[PDB]
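Undergrad: Below is entry.cif; it holds mmCIF, C-alpha atoms.
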data_run
#
loop_
_atom_site.label_atom_id
_atom_site.label_comp_id
_atom_site.auth_asym_id
_atom_site.auth_seq_id
_atom_site.Cartn_x
_atom_site.Cartn_y
_atom_site.Cartn_z
CA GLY A 1 17.08 3.91 -18.48
CA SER A 2 15.73 1.10 -20.66
CA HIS A 3 14.96 -0.82 -17.45
CA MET A 4 12.52 1.96 -16.46
CA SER A 5 10.13 0.85 -19.23
CA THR A 6 9.49 -2.47 -17.46
CA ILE A 7 8.80 -0.68 -14.17
CA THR A 8 6.25 1.66 -15.79
CA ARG A 9 3.94 -1.18 -16.87
CA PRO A 10 2.64 -2.51 -13.45
CA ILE A 11 1.80 1.09 -12.51
CA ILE A 12 -0.50 1.33 -15.55
CA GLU A 13 -2.06 -2.00 -14.53
CA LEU A 14 -2.85 -0.89 -10.98
CA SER A 15 -4.26 2.44 -12.22
CA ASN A 16 -6.52 0.78 -14.81
CA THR A 17 -7.82 -1.72 -12.23
CA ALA A 18 -8.53 1.06 -9.70
CA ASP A 19 -10.66 2.94 -12.26
CA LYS A 20 -12.77 -0.17 -12.94
CA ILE A 21 -13.47 -0.61 -9.22
CA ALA A 22 -14.41 3.02 -8.50
CA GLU A 23 -16.94 3.17 -11.36
CA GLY A 24 -19.01 0.37 -9.70
CA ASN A 25 -17.20 -2.86 -10.65
CA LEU A 26 -17.06 -4.62 -7.27
CA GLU A 27 -16.12 -7.93 -9.01
CA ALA A 28 -12.90 -6.53 -10.61
CA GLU A 29 -9.84 -8.55 -9.57
CA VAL A 30 -6.81 -6.44 -8.61
CA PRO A 31 -3.44 -7.65 -10.12
CA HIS A 32 0.06 -7.84 -8.56
CA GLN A 33 -1.53 -8.93 -5.26
CA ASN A 34 1.13 -11.56 -4.50
CA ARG A 35 4.11 -9.18 -5.03
CA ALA A 36 6.30 -8.52 -1.99
CA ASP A 37 8.03 -5.28 -3.14
CA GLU A 38 6.68 -1.68 -3.24
CA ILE A 39 4.36 -2.59 -6.14
CA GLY A 40 2.88 -5.55 -4.27
CA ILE A 41 2.07 -3.26 -1.31
CA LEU A 42 0.18 -0.78 -3.55
CA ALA A 43 -1.76 -3.72 -5.06
CA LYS A 44 -2.80 -4.90 -1.58
CA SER A 45 -4.12 -1.43 -0.68
CA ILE A 46 -6.34 -1.37 -3.80
CA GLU A 47 -7.73 -4.79 -2.80
CA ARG A 48 -8.53 -3.53 0.73
CA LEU A 49 -10.55 -0.67 -0.77
CA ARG A 50 -12.46 -3.17 -2.95
CA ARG A 51 -13.45 -5.10 0.19
CA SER A 52 -14.84 -1.98 1.90
CA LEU A 53 -16.91 -1.04 -1.15
CA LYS A 54 -18.45 -4.53 -1.29
CA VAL A 55 -19.19 -4.55 2.44
CA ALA A 56 -20.52 -0.98 2.20
CA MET A 57 -23.13 -2.10 -0.32
CA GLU A 58 -23.60 -5.58 1.16
CA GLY B 1 22.21 12.50 -5.02
CA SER B 2 20.40 9.67 -6.82
CA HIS B 3 17.37 11.01 -8.70
CA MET B 4 15.74 7.57 -8.58
CA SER B 5 15.55 7.83 -4.76
CA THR B 6 12.88 10.52 -5.10
CA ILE B 7 10.62 8.12 -7.05
CA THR B 8 10.14 5.77 -4.08
CA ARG B 9 8.81 8.42 -1.68
CA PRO B 10 5.43 9.15 -3.49
CA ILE B 11 4.79 5.39 -3.72
CA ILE B 12 5.10 4.99 0.08
CA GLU B 13 2.89 8.06 0.60
CA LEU B 14 0.16 6.78 -1.72
CA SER B 15 0.20 3.32 -0.10
CA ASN B 16 0.02 4.74 3.42
CA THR B 17 -2.90 7.04 2.57
CA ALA B 18 -4.85 4.19 0.93
CA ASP B 19 -4.40 2.09 4.09
CA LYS B 20 -5.77 4.99 6.19
CA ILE B 21 -8.93 5.12 4.06
CA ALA B 22 -9.53 1.35 4.13
CA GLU B 23 -9.29 1.18 7.94
CA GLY B 24 -12.25 3.62 8.26
CA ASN B 25 -10.68 7.05 7.63
CA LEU B 26 -13.26 8.42 5.20
CA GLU B 27 -11.97 12.01 5.51
CA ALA B 28 -8.31 11.13 4.66
CA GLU B 29 -6.72 13.45 2.09
CA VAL B 30 -5.07 11.64 -0.84
CA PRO B 31 -1.64 13.20 -1.81
CA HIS B 32 -0.05 14.00 -5.19
CA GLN B 33 -3.49 14.84 -6.65
CA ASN B 34 -2.04 17.77 -8.62
CA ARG B 35 0.37 15.52 -10.58
CA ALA B 36 -0.61 14.73 -14.18
CA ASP B 37 1.93 11.91 -14.80
CA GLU B 38 1.51 8.21 -13.85
CA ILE B 39 1.80 8.98 -10.11
CA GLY B 40 -0.88 11.68 -10.31
CA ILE B 41 -3.21 9.27 -12.13
CA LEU B 42 -2.81 6.66 -9.35
CA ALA B 43 -3.59 9.36 -6.75
CA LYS B 44 -6.74 10.33 -8.67
CA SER B 45 -8.08 6.76 -8.70
CA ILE B 46 -7.58 6.45 -4.93
CA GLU B 47 -9.60 9.67 -4.48
CA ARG B 48 -12.43 8.04 -6.48
CA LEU B 49 -12.43 5.03 -4.15
CA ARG B 50 -12.53 7.29 -1.07
CA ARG B 51 -15.55 9.14 -2.47
CA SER B 52 -17.43 5.88 -3.14
CA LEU B 53 -16.92 4.89 0.50
CA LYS B 54 -18.40 8.18 1.73
CA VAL B 55 -21.25 7.78 -0.79
CA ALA B 56 -21.79 4.13 0.15
CA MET B 57 -22.29 5.02 3.82
CA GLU B 58 -24.37 8.14 3.07
#
Spell out the structure here as structure tokens.

TA:
Amino acid sequence: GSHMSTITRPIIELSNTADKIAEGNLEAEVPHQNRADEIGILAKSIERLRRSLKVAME
Amino acid sequence: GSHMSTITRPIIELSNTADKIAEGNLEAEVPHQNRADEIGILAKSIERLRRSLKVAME
């Protein structure tokens, strides 16, 4: 499916952002936050983790 | 049935587990860790975030 190629991209974006956060980048902005579909939900979860890490150190 | 239907399930599982961690479930087990494809990579990053939380509070 040629359409599948477009779907694969946002997954790479969320993965790359998550790596930046875990390595100690508490300022990294997570993308796809405003999405309402399954991808938007996954983005929101990554943001929630970022908040905990900041508060954990703050 | 539709092969594409299987794709949605791991996404819901990963999102749900991430929510569990963020709410204060530091011992939550992240799923699909054994996968090496894009889904497995996303699972790995979530495991990193969970560890940082446990380290941050330690």

Undergrad: What would the selection look like, as a PDB file with C-alpha atoms, in the frame of the given file, if the PyMOL selection byres ((chain A and resi 11) around 10) were run on the coordinates I just shared?

TA:
ATOM      1  CA  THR A   6       9.490  -2.470 -17.460  1.00  0.00           C
ATOM      2  CA  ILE A   7       8.800  -0.680 -14.170  1.00  0.00           C
ATOM      3  CA  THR A   8       6.250   1.660 -15.790  1.00  0.00           C
ATOM      4  CA  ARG A   9       3.940  -1.180 -16.870  1.00  0.00           C
ATOM      5  CA  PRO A  10       2.640  -2.510 -13.450  1.00  0.00           C
ATOM      6  CA  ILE A  12      -0.500   1.330 -15.550  1.00  0.00           C
ATOM      7  CA  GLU A  13      -2.060  -2.000 -14.530  1.00  0.00           C
ATOM      8  CA  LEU A  14      -2.850  -0.890 -10.980  1.00  0.00           C
ATOM      9  CA  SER A  15      -4.260   2.440 -12.220  1.00  0.00           C
ATOM     10  CA  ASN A  16      -6.520   0.780 -14.810  1.00  0.00           C
ATOM     11  CA  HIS A  32       0.060  -7.840  -8.560  1.00  0.00           C
ATOM     12  CA  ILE A  39       4.360  -2.590  -6.140  1.00  0.00           C
ATOM     13  CA  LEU A  42       0.180  -0.780  -3.550  1.00  0.00           C
ATOM     14  CA  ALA A  43      -1.760  -3.720  -5.060  1.00  0.00           C
TER      15      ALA A  43
ATOM     16  CA  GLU B  38       1.510   8.210 -13.850  1.00  0.00           C
ATOM     17  CA  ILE B  39       1.800   8.980 -10.110  1.00  0.00           C
ATOM     18  CA  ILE B  41      -3.210   9.270 -12.130  1.00  0.00           C
ATOM     19  CA  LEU B  42      -2.810   6.660  -9.350  1.00  0.00           C
TER      20      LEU B  42
END

Undergrad: Under the rule of at most 7 Å, produce a per-residue listing of chain B near chain A: chain, number, name, the closest pair of atoms, and the distance in Å, as a Markdown table, using only C-alpha atoms.

TA:
| residue | atom | partner | partner_atom | distance |
| --- | --- | --- | --- | --- |
| B:15 | CA | A:42 | CA | 5.4 |
| B:18 | CA | A:45 | CA | 5.9 |
| B:19 | CA | A:45 | CA | 5.9 |
| B:22 | CA | A:49 | CA | 5.4 |
| B:41 | CA | A:15 | CA | 6.9 |
| B:42 | CA | A:15 | CA | 5.3 |
| B:45 | CA | A:18 | CA | 5.8 |
| B:48 | CA | A:22 | CA | 5.8 |
| B:49 | CA | A:22 | CA | 5.2 |
| B:52 | CA | A:22 | CA | 6.8 |
| B:53 | CA | A:53 | CA | 6.2 |
| B:56 | CA | A:56 | CA | 5.7 |
| B:57 | CA | A:56 | CA | 6.5 |

Undergrad: Since chain A and chain B share a sequence, can you fit the second onto the first over all C-alpha atoms in order and output it as a short mmCIF file (atom, residue, chain, number, x, y, z; two decimals) with C-alpha atoms, keeping the file's coordinate frame?

TA:
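As a result, out_22.cif now contains:
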data_model
loop_
_atom_site.label_atom_id
_atom_site.label_comp_id
_atom_site.auth_asym_id
_atom_site.auth_seq_id
_atom_site.Cartn_x
_atom_site.Cartn_y
_atom_site.Cartn_z
CA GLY B 1 16.52 -2.21 -23.28
CA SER B 2 15.94 0.32 -20.49
CA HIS B 3 15.13 -1.46 -17.22
CA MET B 4 13.34 1.65 -15.94
CA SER B 5 10.73 1.24 -18.72
CA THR B 6 9.38 -1.86 -16.96
CA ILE B 7 8.63 0.18 -13.81
CA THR B 8 5.97 2.32 -15.52
CA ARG B 9 3.81 -0.59 -16.70
CA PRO B 10 2.61 -1.83 -13.20
CA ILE B 11 1.72 1.77 -12.27
CA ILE B 12 -0.60 2.10 -15.30
CA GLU B 13 -2.12 -1.32 -14.53
CA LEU B 14 -2.80 -0.46 -10.89
CA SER B 15 -4.35 2.91 -11.83
CA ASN B 16 -6.59 1.37 -14.49
CA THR B 17 -7.84 -1.37 -12.16
CA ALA B 18 -8.63 1.15 -9.39
CA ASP B 19 -10.69 3.20 -11.88
CA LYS B 20 -12.65 0.05 -12.83
CA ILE B 21 -13.57 -0.56 -9.18
CA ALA B 22 -14.62 3.05 -8.50
CA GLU B 23 -16.97 3.14 -11.51
CA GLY B 24 -19.00 0.22 -10.05
CA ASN B 25 -16.92 -2.87 -10.91
CA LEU B 26 -17.03 -4.59 -7.52
CA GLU B 27 -15.74 -7.91 -8.91
CA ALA B 28 -12.61 -6.39 -10.58
CA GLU B 29 -9.40 -8.32 -9.89
CA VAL B 30 -6.52 -6.17 -8.59
CA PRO B 31 -3.12 -7.09 -10.23
CA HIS B 32 0.40 -7.50 -8.79
CA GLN B 33 -1.06 -8.87 -5.53
CA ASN B 34 1.74 -11.45 -5.25
CA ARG B 35 4.47 -8.76 -5.14
CA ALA B 36 5.99 -8.04 -1.72
CA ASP B 37 7.86 -4.81 -2.65
CA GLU B 38 6.37 -1.27 -2.76
CA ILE B 39 4.25 -2.09 -5.84
CA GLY B 40 2.80 -5.20 -4.18
CA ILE B 41 1.91 -3.17 -1.08
CA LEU B 42 -0.01 -0.62 -3.20
CA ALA B 43 -1.89 -3.49 -4.89
CA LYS B 44 -2.81 -4.93 -1.48
CA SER B 45 -4.32 -1.64 -0.27
CA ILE B 46 -6.47 -1.36 -3.40
CA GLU B 47 -7.78 -4.90 -2.72
CA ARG B 48 -8.80 -3.72 0.78
CA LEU B 49 -10.78 -0.82 -0.71
CA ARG B 50 -12.54 -3.16 -3.17
CA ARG B 51 -13.57 -5.46 -0.31
CA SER B 52 -15.01 -2.55 1.71
CA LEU B 53 -17.17 -1.60 -1.27
CA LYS B 54 -18.58 -5.13 -1.53
CA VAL B 55 -19.09 -5.15 2.26
CA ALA B 56 -20.66 -1.67 2.23
CA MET B 57 -23.30 -2.75 -0.29
CA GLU B 58 -23.88 -6.15 1.35
#

Undergrad: If I take CA of residue 37 in chain B and CA of residue 30 in chain A, how far is one from the other in Å, to one decimal?

TA: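 Distance between the two atoms: 21.2 Å.
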
Undergrad: Rounded to one decimal, what separation in Å do you get between CA of residue 2 in chain B and CA of residue 1 in chain A?

TA: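 Calculated distance between CA of residue 2 in chain B and CA of residue 1 in chain A is 13.4 Å.
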
Undergrad: Would you mind reading off the distance between CA of residue 4 in chain B and CA of residue 36 in chain B, one decimal, in Å?

TA: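 Pair CA of residue 4 in chain B / CA of residue 36 in chain B returns 18.7 Å.
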